[PDB]
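Enquirer: The structure under discussion is supplied below as structure tokens; questions concerning it will follow.
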Amino acid sequence: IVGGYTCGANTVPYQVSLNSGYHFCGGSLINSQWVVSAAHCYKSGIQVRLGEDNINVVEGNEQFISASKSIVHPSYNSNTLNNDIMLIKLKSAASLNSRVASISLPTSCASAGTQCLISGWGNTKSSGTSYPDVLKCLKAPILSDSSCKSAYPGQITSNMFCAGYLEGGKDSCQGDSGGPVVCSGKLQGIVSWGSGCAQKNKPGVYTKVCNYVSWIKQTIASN
Ligand SMILES: NC(=[NH2+])NCCC[C@H](N)C(=O)O
Ligand SMILES: [Ca+2]
Ligand SMILES: [Cl-]
Ligand SMILES: [Cl-]
Ligand SMILES: [Cl-]
């Protein structure tokens with residue numbers, strides 16, 4: 001997160017860190033056994049870490065659970081990042097508490113204008129590199145589909161939306177990949193891609209979770 005703020009420990013109980021020896025991606029808990037993330041974060045040997053603030057310090061609220069299974073969207077295109085969504089099932093079910101909690105799936109698509117909260121352990125600098133140990137948060141509006149396509153000609157499908165600031169300064173960034181965009185207590189987005197971070201006229205691009213609710217629910221019902 002560039003230009004964000006320190007969330008506070010466990011103030012985002014649905015934020016998970018994907019760890020293969022190191023945090024590499026964010027993710028969102030949607031029930032005790034399942035995480036939603038970005039297809040482009042797929043690798044094997046994933047450990048899901050819940051209850052995290054500082055990812056380099058054991059602080060007392062962690063649950064570390066190995067993934068049993070990852071499932072990339074049947075139609076994921078790694079070139080265009082179309083359908084950048086993936087599900088991860090835990091080997092055992094998490095203990096849900098006040099600091100480890102699912103976020104609801106949307107019952108409907110959120111609109112341009114809607115204020116949202118984006119979070120992750122990504123780079124905090126727009127030029128240069130600087131990874132924080134504790135969780136960062138960003139309040140950002142969903143932008144119009146027209147300004148989103150203007151800003152990224154020929155690259156925005158119906159499975160993507162922009163959120164943030166055309167003036168730049170504030171954004172998701174590398175290492176936030178796969179993590180949440182929550183709007184009014186529903187998960188509307190997954191941190192997907194963008195051109196650089198926090199650049200003028202180059203806002204973050206997020207997978208549009210509302211489009212995927214059938215697939216998610218159908219998938220969790222049979223795995
Ligand atoms: N145009 C942008 N600055 N987009 C934000 C880039 C963040 C991107 N989701 C990543 O983690 O790599
Ligand atoms: Ca920790
Ligand atoms: Cl701060
Ligand atoms: Cl615990
Ligand atoms: Cl529009």
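Identifiers for the structure tokens are assigned positionally: chains receive A, B, ... in sequence, residues are indexed from 1 per chain, and ligands are indexed from 1 in the order shown.
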Run DSSP on the backbone and grab whatever in chain A lands in alpha helix (DSSP H); send it over as an MDAnalysis selection string.
Expert: chainID A and resid 145:151 213:222
Enquirer: Export, as a PDB file, in the first residue's frame, the selected residues with N, CA and C atoms.
Expert:
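This went into part-v2.pdb:
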```pdb
ATOM      1  N   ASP A 145     -16.236   2.995 -14.854  1.00  0.00           N
ATOM      2  CA  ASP A 145     -15.708   2.116 -15.885  1.00  0.00           C
ATOM      3  C   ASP A 145     -15.120   2.939 -17.029  1.00  0.00           C
ATOM      4  N   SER A 146     -15.652   4.136 -17.307  1.00  0.00           N
ATOM      5  CA  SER A 146     -15.148   4.935 -18.425  1.00  0.00           C
ATOM      6  C   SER A 146     -13.747   5.485 -18.126  1.00  0.00           C
ATOM      7  N   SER A 147     -13.520   6.027 -16.930  1.00  0.00           N
ATOM      8  CA  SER A 147     -12.197   6.537 -16.622  1.00  0.00           C
ATOM      9  C   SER A 147     -11.197   5.381 -16.461  1.00  0.00           C
ATOM     10  N   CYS A 148     -11.692   4.185 -16.111  1.00  0.00           N
ATOM     11  CA  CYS A 148     -10.858   3.000 -15.989  1.00  0.00           C
ATOM     12  C   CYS A 148     -10.348   2.552 -17.363  1.00  0.00           C
ATOM     13  N   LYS A 149     -11.224   2.539 -18.378  1.00  0.00           N
ATOM     14  CA  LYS A 149     -10.852   2.160 -19.739  1.00  0.00           C
ATOM     15  C   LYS A 149     -10.007   3.268 -20.388  1.00  0.00           C
ATOM     16  N   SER A 150     -10.320   4.543 -20.115  1.00  0.00           N
ATOM     17  CA  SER A 150      -9.495   5.660 -20.580  1.00  0.00           C
ATOM     18  C   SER A 150      -8.051   5.553 -20.090  1.00  0.00           C
ATOM     19  N   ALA A 151      -7.914   5.155 -18.819  1.00  0.00           N
ATOM     20  CA  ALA A 151      -6.634   5.096 -18.143  1.00  0.00           C
ATOM     21  C   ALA A 151      -5.813   3.895 -18.598  1.00  0.00           C
ATOM     22  N   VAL A 213     -19.315 -15.058  -7.819  1.00  0.00           N
ATOM     23  CA  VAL A 213     -19.954 -15.586  -6.616  1.00  0.00           C
ATOM     24  C   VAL A 213     -20.581 -16.967  -6.851  1.00  0.00           C
ATOM     25  N   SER A 214     -21.154 -17.198  -8.034  1.00  0.00           N
ATOM     26  CA  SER A 214     -21.665 -18.510  -8.400  1.00  0.00           C
ATOM     27  C   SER A 214     -20.561 -19.556  -8.391  1.00  0.00           C
ATOM     28  N   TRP A 215     -19.435 -19.205  -9.035  1.00  0.00           N
ATOM     29  CA  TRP A 215     -18.324 -20.129  -9.208  1.00  0.00           C
ATOM     30  C   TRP A 215     -17.744 -20.464  -7.839  1.00  0.00           C
ATOM     31  N   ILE A 216     -17.587 -19.444  -6.990  1.00  0.00           N
ATOM     32  CA  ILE A 216     -17.053 -19.601  -5.645  1.00  0.00           C
ATOM     33  C   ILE A 216     -17.914 -20.552  -4.828  1.00  0.00           C
ATOM     34  N   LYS A 217     -19.194 -20.208  -4.728  1.00  0.00           N
ATOM     35  CA  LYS A 217     -20.126 -20.963  -3.910  1.00  0.00           C
ATOM     36  C   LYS A 217     -20.237 -22.362  -4.489  1.00  0.00           C
ATOM     37  N   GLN A 218     -20.262 -22.502  -5.809  1.00  0.00           N
ATOM     38  CA  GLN A 218     -20.413 -23.827  -6.407  1.00  0.00           C
ATOM     39  C   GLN A 218     -19.151 -24.638  -6.139  1.00  0.00           C
ATOM     40  N   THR A 219     -18.004 -23.951  -6.159  1.00  0.00           N
ATOM     41  CA  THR A 219     -16.728 -24.616  -5.998  1.00  0.00           C
ATOM     42  C   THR A 219     -16.558 -25.079  -4.558  1.00  0.00           C
ATOM     43  N   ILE A 220     -16.913 -24.225  -3.583  1.00  0.00           N
ATOM     44  CA  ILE A 220     -16.745 -24.596  -2.182  1.00  0.00           C
ATOM     45  C   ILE A 220     -17.718 -25.720  -1.847  1.00  0.00           C
ATOM     46  N   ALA A 221     -18.879 -25.744  -2.517  1.00  0.00           N
ATOM     47  CA  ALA A 221     -19.859 -26.776  -2.225  1.00  0.00           C
ATOM     48  C   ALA A 221     -19.365 -28.162  -2.657  1.00  0.00           C
ATOM     49  N   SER A 222     -18.421 -28.256  -3.609  1.00  0.00           N
ATOM     50  CA  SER A 222     -18.009 -29.557  -4.131  1.00  0.00           C
ATOM     51  C   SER A 222     -16.529 -29.849  -3.894  1.00  0.00           C
TER      52      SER A 222
END
```
Enquirer: Could you pull the residues within 8 Å of residue 105 of chain A, counting only C-alpha atoms, minus those fewer than 6 positions along the same chain, as a ChimeraX atom specification?
Expert: /A:30,186-188,209-210,213
Enquirer: Can you work out which one of A:78, A:97, A:37, A:159 has the shortest atom-to-atom distance to ligand 4, counting only C-alpha atoms and all ligand atoms?
Expert: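 Smallest separation from ligand 4 among the options: A:97.
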Enquirer: May I ask you to write as an NGL selection string all residues lying at most 8 Å from ligand 4, with only C-alpha atoms and all ligand atoms counted?
Expert: :A and (51 or 60-63 or 95)
Enquirer: The selected residues should be written to file as a tab-separated table (two decimals), in the first residue's frame (atoms: C-alpha atoms).
Expert:
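Written out: selection.tsv:
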```tsv
chain	number	residue	atom	x	y	z
A	51	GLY	CA	-4.28	-13.48	12.57
A	60	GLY	CA	-0.06	-14.09	19.70
A	61	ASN	CA	-3.09	-14.24	17.34
A	62	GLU	CA	-1.61	-16.21	14.44
A	63	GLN	CA	-3.03	-19.32	12.85
A	95	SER	CA	-10.66	-21.02	14.53
```
Enquirer: Could you pull out the residues sitting within 12 Å of ligand 3, using only C-alpha atoms and all ligand atoms, and write them as an MDAnalysis selection string?
Expert: chainID A and resid 1:8 124 132 134:138
Enquirer: Could you report the residues within 6 Å of ligand 1, using only C-alpha atoms and all ligand atoms, as number ranges by chain?
Expert: A: 171-177, 191-199, 202-205
Enquirer: Could you turn the residues from that selection into a file that holds C-alpha atoms, as a PDB file, in the first residue's frame?
Expert:
```pdb
ATOM      1  CA  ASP A 171      -2.671   2.819  -4.248  1.00  0.00           C
ATOM      2  CA  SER A 172      -2.067  -0.869  -3.809  1.00  0.00           C
ATOM      3  CA  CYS A 173       1.416  -2.014  -4.843  1.00  0.00           C
ATOM      4  CA  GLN A 174       3.578  -5.093  -5.293  1.00  0.00           C
ATOM      5  CA  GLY A 175       3.032  -7.648  -2.495  1.00  0.00           C
ATOM      6  CA  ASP A 176      -0.603  -6.519  -2.050  1.00  0.00           C
ATOM      7  CA  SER A 177      -1.543  -8.889  -4.912  1.00  0.00           C
ATOM      8  CA  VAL A 191      -5.745  -6.713  -5.734  1.00  0.00           C
ATOM      9  CA  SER A 192      -4.825  -7.712  -9.285  1.00  0.00           C
ATOM     10  CA  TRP A 193      -2.532  -5.422 -11.268  1.00  0.00           C
ATOM     11  CA  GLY A 194      -1.610  -1.938 -12.428  1.00  0.00           C
ATOM     12  CA  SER A 195       1.071   0.133 -14.169  1.00  0.00           C
ATOM     13  CA  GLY A 196       3.634   0.926 -11.500  1.00  0.00           C
ATOM     14  CA  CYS A 197       2.152   2.094  -8.187  1.00  0.00           C
ATOM     15  CA  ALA A 198       0.493   5.387  -7.161  1.00  0.00           C
ATOM     16  CA  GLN A 199       1.248   6.912 -10.570  1.00  0.00           C
ATOM     17  CA  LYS A 202      -2.640   4.851 -13.400  1.00  0.00           C
ATOM     18  CA  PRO A 203      -4.929   3.453 -10.631  1.00  0.00           C
ATOM     19  CA  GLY A 204      -5.015  -0.058  -9.212  1.00  0.00           C
ATOM     20  CA  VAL A 205      -6.956  -2.716 -11.107  1.00  0.00           C
TER      21      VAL A 205
END
```
Enquirer: Show which residues sit within 12 Å of residue 19 of chain A, as a PDB file with N, CA and C atoms, in the first residue's frame. Count only C-alpha atoms, and ignore same-chain residues fewer than 2 positions away.
Expert:
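Okay, this is what ended up in out.pdb:
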```pdb
ATOM      1  N   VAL A  16      -5.438 -12.356   5.078  1.00  0.00           N
ATOM      2  CA  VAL A  16      -4.478 -13.437   5.243  1.00  0.00           C
ATOM      3  C   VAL A  16      -3.216 -13.086   4.452  1.00  0.00           C
ATOM      4  N   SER A  17      -2.095 -13.671   4.884  1.00  0.00           N
ATOM      5  CA  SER A  17      -0.839 -13.613   4.151  1.00  0.00           C
ATOM      6  C   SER A  17      -0.562 -14.994   3.581  1.00  0.00           C
ATOM      7  N   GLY A  21       7.568 -19.618   2.627  1.00  0.00           N
ATOM      8  CA  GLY A  21       8.904 -19.302   3.129  1.00  0.00           C
ATOM      9  C   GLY A  21       9.065 -17.801   3.366  1.00  0.00           C
ATOM     10  N   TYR A  22       8.049 -17.053   2.920  1.00  0.00           N
ATOM     11  CA  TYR A  22       8.066 -15.608   2.855  1.00  0.00           C
ATOM     12  C   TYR A  22       6.675 -15.222   2.392  1.00  0.00           C
ATOM     13  N   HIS A  23       6.128 -14.142   2.951  1.00  0.00           N
ATOM     14  CA  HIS A  23       4.922 -13.544   2.419  1.00  0.00           C
ATOM     15  C   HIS A  23       5.150 -13.223   0.956  1.00  0.00           C
ATOM     16  N   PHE A  24       4.253 -13.681   0.074  1.00  0.00           N
ATOM     17  CA  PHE A  24       4.352 -13.324  -1.329  1.00  0.00           C
ATOM     18  C   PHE A  24       3.046 -12.736  -1.855  1.00  0.00           C
ATOM     19  N   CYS A  25       1.931 -13.019  -1.189  1.00  0.00           N
ATOM     20  CA  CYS A  25       0.661 -12.500  -1.657  1.00  0.00           C
ATOM     21  C   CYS A  25      -0.279 -12.325  -0.475  1.00  0.00           C
ATOM     22  N   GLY A  26      -1.287 -11.469  -0.706  1.00  0.00           N
ATOM     23  CA  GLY A  26      -2.416 -11.328   0.197  1.00  0.00           C
ATOM     24  C   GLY A  26      -3.555 -12.247  -0.240  1.00  0.00           C
ATOM     25  N   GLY A  27      -4.567 -12.354   0.622  1.00  0.00           N
ATOM     26  CA  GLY A  27      -5.716 -13.219   0.397  1.00  0.00           C
ATOM     27  C   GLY A  27      -6.807 -12.804   1.368  1.00  0.00           C
ATOM     28  N   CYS A  41      -1.344 -15.209  -8.201  1.00  0.00           N
ATOM     29  CA  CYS A  41      -0.565 -15.592  -7.037  1.00  0.00           C
ATOM     30  C   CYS A  41      -0.391 -17.101  -6.934  1.00  0.00           C
ATOM     31  N   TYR A  42      -0.976 -17.905  -7.833  1.00  0.00           N
ATOM     32  CA  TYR A  42      -0.858 -19.353  -7.715  1.00  0.00           C
ATOM     33  C   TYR A  42       0.617 -19.746  -7.638  1.00  0.00           C
ATOM     34  N   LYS A  43       0.946 -20.568  -6.616  1.00  0.00           N
ATOM     35  CA  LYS A  43       2.088 -21.482  -6.605  1.00  0.00           C
ATOM     36  C   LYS A  43       1.731 -22.687  -5.742  1.00  0.00           C
ATOM     37  N   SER A  44       2.610 -23.700  -5.710  1.00  0.00           N
ATOM     38  CA  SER A  44       2.393 -24.801  -4.776  1.00  0.00           C
ATOM     39  C   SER A  44       3.135 -24.544  -3.462  1.00  0.00           C
ATOM     40  N   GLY A  45       2.784 -25.330  -2.437  1.00  0.00           N
ATOM     41  CA  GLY A  45       3.483 -25.302  -1.156  1.00  0.00           C
ATOM     42  C   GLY A  45       3.114 -24.075  -0.327  1.00  0.00           C
ATOM     43  N   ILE A  46       1.900 -23.568  -0.531  1.00  0.00           N
ATOM     44  CA  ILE A  46       1.403 -22.397   0.165  1.00  0.00           C
ATOM     45  C   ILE A  46       1.044 -22.722   1.611  1.00  0.00           C
ATOM     46  N   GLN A  47       1.507 -21.871   2.531  1.00  0.00           N
ATOM     47  CA  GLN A  47       0.970 -21.846   3.874  1.00  0.00           C
ATOM     48  C   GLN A  47       0.141 -20.575   4.058  1.00  0.00           C
ATOM     49  N   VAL A  48      -1.073 -20.742   4.588  1.00  0.00           N
ATOM     50  CA  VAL A  48      -1.956 -19.619   4.848  1.00  0.00           C
ATOM     51  C   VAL A  48      -1.725 -19.177   6.281  1.00  0.00           C
ATOM     52  N   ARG A  49      -1.440 -17.879   6.443  1.00  0.00           N
ATOM     53  CA  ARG A  49      -1.221 -17.292   7.756  1.00  0.00           C
ATOM     54  C   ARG A  49      -2.316 -16.273   8.077  1.00  0.00           C
ATOM     55  N   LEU A  50      -3.123 -16.633   9.076  1.00  0.00           N
ATOM     56  CA  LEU A  50      -4.197 -15.804   9.583  1.00  0.00           C
ATOM     57  C   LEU A  50      -3.744 -15.153  10.878  1.00  0.00           C
ATOM     58  N   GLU A  52      -2.612 -12.104  11.398  1.00  0.00           N
ATOM     59  CA  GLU A  52      -1.332 -11.418  11.304  1.00  0.00           C
ATOM     60  C   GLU A  52      -1.516  -9.905  11.430  1.00  0.00           C
ATOM     61  N   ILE A  55       4.272  -9.425  10.154  1.00  0.00           N
ATOM     62  CA  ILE A  55       4.487 -10.719   9.529  1.00  0.00           C
ATOM     63  C   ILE A  55       5.866 -11.286   9.851  1.00  0.00           C
ATOM     64  N   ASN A  56       6.758 -10.527  10.504  1.00  0.00           N
ATOM     65  CA  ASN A  56       8.049 -11.097  10.852  1.00  0.00           C
ATOM     66  C   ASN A  56       8.154 -11.402  12.340  1.00  0.00           C
ATOM     67  N   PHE A  64      -1.364 -20.499  11.513  1.00  0.00           N
ATOM     68  CA  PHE A  64      -0.668 -20.979  10.330  1.00  0.00           C
ATOM     69  C   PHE A  64      -1.269 -22.305   9.878  1.00  0.00           C
ATOM     70  N   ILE A  65      -1.927 -22.314   8.716  1.00  0.00           N
ATOM     71  CA  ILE A  65      -2.507 -23.533   8.198  1.00  0.00           C
ATOM     72  C   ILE A  65      -2.044 -23.726   6.762  1.00  0.00           C
ATOM     73  N   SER A  66      -1.471 -24.906   6.503  1.00  0.00           N
ATOM     74  CA  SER A  66      -1.094 -25.328   5.160  1.00  0.00           C
ATOM     75  C   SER A  66      -2.315 -25.402   4.258  1.00  0.00           C
ATOM     76  N   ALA A  67      -2.149 -25.053   2.981  1.00  0.00           N
ATOM     77  CA  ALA A  67      -3.230 -25.245   2.025  1.00  0.00           C
ATOM     78  C   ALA A  67      -3.256 -26.713   1.590  1.00  0.00           C
ATOM     79  N   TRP A 121       0.505  -6.189   2.680  1.00  0.00           N
ATOM     80  CA  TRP A 121       1.861  -5.983   3.161  1.00  0.00           C
ATOM     81  C   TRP A 121       2.794  -5.571   2.027  1.00  0.00           C
ATOM     82  N   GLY A 175       3.139  -6.947  -3.763  1.00  0.00           N
ATOM     83  CA  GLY A 175       3.032  -7.648  -2.495  1.00  0.00           C
ATOM     84  C   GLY A 175       1.639  -7.496  -1.881  1.00  0.00           C
TER      85      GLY A 175
END
```
Enquirer: Pick the closest to residue 139 of chain A from A:81, A:112, A:160, A:181: which is it, counting only C-alpha atoms?
Expert: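 Using only C-alpha atoms, the shortest distance to residue 139 of chain A belongs to A:181.
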Enquirer: At what distance in Å, to one decimal, does atom CA of residue 201 of chain A lie from atom CA of residue 75 of chain A?
Expert: 28.7 Å
Enquirer: Would you list the contacts of residue 89 of chain A as a PDB file with N, CA and C atoms, in the first residue's frame, taking every protein, DNA or RNA residue within 10 Å and counting only C-alpha atoms, but skipping same-chain residues closer than 2 positions in sequence?
Expert:
```pdb
ATOM      1  N   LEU A  29     -10.086 -14.423   3.782  1.00  0.00           N
ATOM      2  CA  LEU A  29     -10.832 -15.567   4.315  1.00  0.00           C
ATOM      3  C   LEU A  29     -12.332 -15.396   4.025  1.00  0.00           C
ATOM      4  N   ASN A  31     -14.541 -18.276   4.578  1.00  0.00           N
ATOM      5  CA  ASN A  31     -15.114 -19.091   5.639  1.00  0.00           C
ATOM      6  C   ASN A  31     -13.959 -19.838   6.272  1.00  0.00           C
ATOM      7  N   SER A  32     -14.253 -20.789   7.156  1.00  0.00           N
ATOM      8  CA  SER A  32     -13.206 -21.372   7.981  1.00  0.00           C
ATOM      9  C   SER A  32     -12.207 -22.198   7.181  1.00  0.00           C
ATOM     10  N   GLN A  33     -12.541 -22.628   5.964  1.00  0.00           N
ATOM     11  CA  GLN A  33     -11.621 -23.486   5.225  1.00  0.00           C
ATOM     12  C   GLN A  33     -11.096 -22.840   3.944  1.00  0.00           C
ATOM     13  N   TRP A  34     -11.576 -21.654   3.569  1.00  0.00           N
ATOM     14  CA  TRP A  34     -11.353 -21.192   2.203  1.00  0.00           C
ATOM     15  C   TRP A  34     -10.833 -19.754   2.159  1.00  0.00           C
ATOM     16  N   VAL A  35      -9.885 -19.531   1.245  1.00  0.00           N
ATOM     17  CA  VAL A  35      -9.360 -18.204   1.005  1.00  0.00           C
ATOM     18  C   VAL A  35      -9.605 -17.884  -0.460  1.00  0.00           C
ATOM     19  N   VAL A  36     -10.000 -16.634  -0.742  1.00  0.00           N
ATOM     20  CA  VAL A  36      -9.978 -16.096  -2.095  1.00  0.00           C
ATOM     21  C   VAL A  36      -8.711 -15.263  -2.269  1.00  0.00           C
ATOM     22  N   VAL A  48      -1.073 -20.742   4.588  1.00  0.00           N
ATOM     23  CA  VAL A  48      -1.956 -19.619   4.848  1.00  0.00           C
ATOM     24  C   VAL A  48      -1.725 -19.177   6.281  1.00  0.00           C
ATOM     25  N   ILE A  65      -1.927 -22.314   8.716  1.00  0.00           N
ATOM     26  CA  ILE A  65      -2.507 -23.533   8.198  1.00  0.00           C
ATOM     27  C   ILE A  65      -2.044 -23.726   6.762  1.00  0.00           C
ATOM     28  N   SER A  66      -1.471 -24.906   6.503  1.00  0.00           N
ATOM     29  CA  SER A  66      -1.094 -25.328   5.160  1.00  0.00           C
ATOM     30  C   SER A  66      -2.315 -25.402   4.258  1.00  0.00           C
ATOM     31  N   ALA A  67      -2.149 -25.053   2.981  1.00  0.00           N
ATOM     32  CA  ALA A  67      -3.230 -25.245   2.025  1.00  0.00           C
ATOM     33  C   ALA A  67      -3.256 -26.713   1.590  1.00  0.00           C
ATOM     34  N   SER A  68      -4.461 -27.278   1.417  1.00  0.00           N
ATOM     35  CA  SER A  68      -4.616 -28.622   0.878  1.00  0.00           C
ATOM     36  C   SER A  68      -4.791 -28.569  -0.629  1.00  0.00           C
ATOM     37  N   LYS A  69      -5.332 -27.457  -1.129  1.00  0.00           N
ATOM     38  CA  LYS A  69      -5.751 -27.374  -2.518  1.00  0.00           C
ATOM     39  C   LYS A  69      -5.822 -25.909  -2.938  1.00  0.00           C
ATOM     40  N   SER A  70      -5.342 -25.639  -4.151  1.00  0.00           N
ATOM     41  CA  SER A  70      -5.593 -24.376  -4.823  1.00  0.00           C
ATOM     42  C   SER A  70      -6.384 -24.604  -6.112  1.00  0.00           C
ATOM     43  N   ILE A  71      -7.284 -23.672  -6.464  1.00  0.00           N
ATOM     44  CA  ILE A  71      -8.108 -23.797  -7.655  1.00  0.00           C
ATOM     45  C   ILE A  71      -8.148 -22.474  -8.401  1.00  0.00           C
ATOM     46  N   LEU A  87      -9.097 -19.875  -5.523  1.00  0.00           N
ATOM     47  CA  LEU A  87      -9.532 -20.300  -4.207  1.00  0.00           C
ATOM     48  C   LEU A  87      -8.495 -21.232  -3.617  1.00  0.00           C
ATOM     49  N   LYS A  91      -5.926 -27.113   5.062  1.00  0.00           N
ATOM     50  CA  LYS A  91      -5.866 -28.521   5.450  1.00  0.00           C
ATOM     51  C   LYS A  91      -6.792 -28.802   6.631  1.00  0.00           C
ATOM     52  N   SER A  92      -6.849 -27.840   7.559  1.00  0.00           N
ATOM     53  CA  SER A  92      -7.807 -27.845   8.651  1.00  0.00           C
ATOM     54  C   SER A  92      -8.522 -26.501   8.654  1.00  0.00           C
ATOM     55  N   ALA A  93      -9.669 -26.458   9.332  1.00  0.00           N
ATOM     56  CA  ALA A  93     -10.482 -25.261   9.393  1.00  0.00           C
ATOM     57  C   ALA A  93      -9.892 -24.339  10.453  1.00  0.00           C
ATOM     58  N   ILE A 220     -16.913 -24.225  -3.583  1.00  0.00           N
ATOM     59  CA  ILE A 220     -16.745 -24.596  -2.182  1.00  0.00           C
ATOM     60  C   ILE A 220     -17.718 -25.720  -1.847  1.00  0.00           C
ATOM     61  N   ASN A 223     -15.835 -29.037  -3.087  1.00  0.00           N
ATOM     62  CA  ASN A 223     -14.459 -29.366  -2.735  1.00  0.00           C
ATOM     63  C   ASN A 223     -14.224 -29.279  -1.214  1.00  0.00           C
TER      64      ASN A 223
END
```
Enquirer: Using only C-alpha atoms, find the one residue out of A:200, A:178, A:128, A:183 that sits nearest to residue 165 of chain A.
Expert: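 Among the listed residues, the smallest separation from residue 165 of chain A belongs to A:200.
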Enquirer: Looking only at strand (DSSP E) from DSSP on the backbone, list the matching residues of segment 27-113 of chain A as JSON, numbers by chain.
Expert: {"A": [27, 28, 29, 30, 31, 34, 35, 36, 37, 47, 48, 49, 50, 63, 64, 65, 66, 67, 68, 69, 70, 71, 72, 86, 87, 88, 89, 90]}
Enquirer: Between atom CA of residue 114 of chain A and atom CA of residue 157 of chain A, what is the distance, to one decimal in Å?
Expert: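 One can read the atom CA of residue 114 of chain A to atom CA of residue 157 of chain A distance as 19.6 Å.
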Enquirer: From the list A:115, A:18, A:133, A:58, which residue is nearest ligand 2 when using only C-alpha atoms and all ligand atoms?
Expert: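 Checking each of A:115, A:18, A:133, A:58 against ligand 2, counting only C-alpha atoms and all ligand atoms, the winner is A:58.
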